[PDB]
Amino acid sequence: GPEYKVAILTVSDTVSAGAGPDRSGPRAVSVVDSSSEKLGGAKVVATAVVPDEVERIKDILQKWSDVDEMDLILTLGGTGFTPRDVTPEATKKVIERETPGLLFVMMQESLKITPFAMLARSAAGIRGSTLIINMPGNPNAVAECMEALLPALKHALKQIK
């Protein structure tokens, strides 16, 4: 397997219910894959979809960190202002050490693209030796957020080990 095991969690009532396809997930996988060397040897080894439900999100983040030994978990979606956007709240429950600089850079860079970046309520942090980062559900958002992080993400992953 890879130096760094990456897992992608799509958070969406719509996708989970079979009411639409996942358009964000494949874009996240593509951005990680195409940056695999810049990330120190990272590969997406697993993806999943969960509804906008705090307990479901928490359970998968805990399993991936504590049991499956993932190194990086990117979540996609559920970061906005609607009542069903609960990804950050689930994430804050599971992380042990917050990583606000990652959120700073994602916001700073995203705002250059659209003022609507300010509506992302993303959280990020470390649980054990797993880095967890919330990204927006807009399929174009993951690429933009990953570009923002890529300069330092390899060093983040080295450090957490």
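Residue numbers here begin at 1 and follow the sequence given.
Of the two stretches examined, 36 to 44 and 60 to 68, the record assigns the greater average C-alpha temperature factor to 36 to 44. 132 to 140 and 118 to 126 differ in mean CA B-factor, and the higher of the two is recorded for 132 to 140.
Among the modelled residues of the chain, residue 10 sits in the lowest third by CA temperature factor in this PDB entry. Among the modelled residues of its chain, residue 49 has a C-alpha B-factor that falls in the lowest third according to the deposited record. Residue 107: CA B factor lies in the lowest third for its chain, per the PDB record. Among all modelled residues in its chain, residue 113 ranks in the highest third by Cα B-factor.
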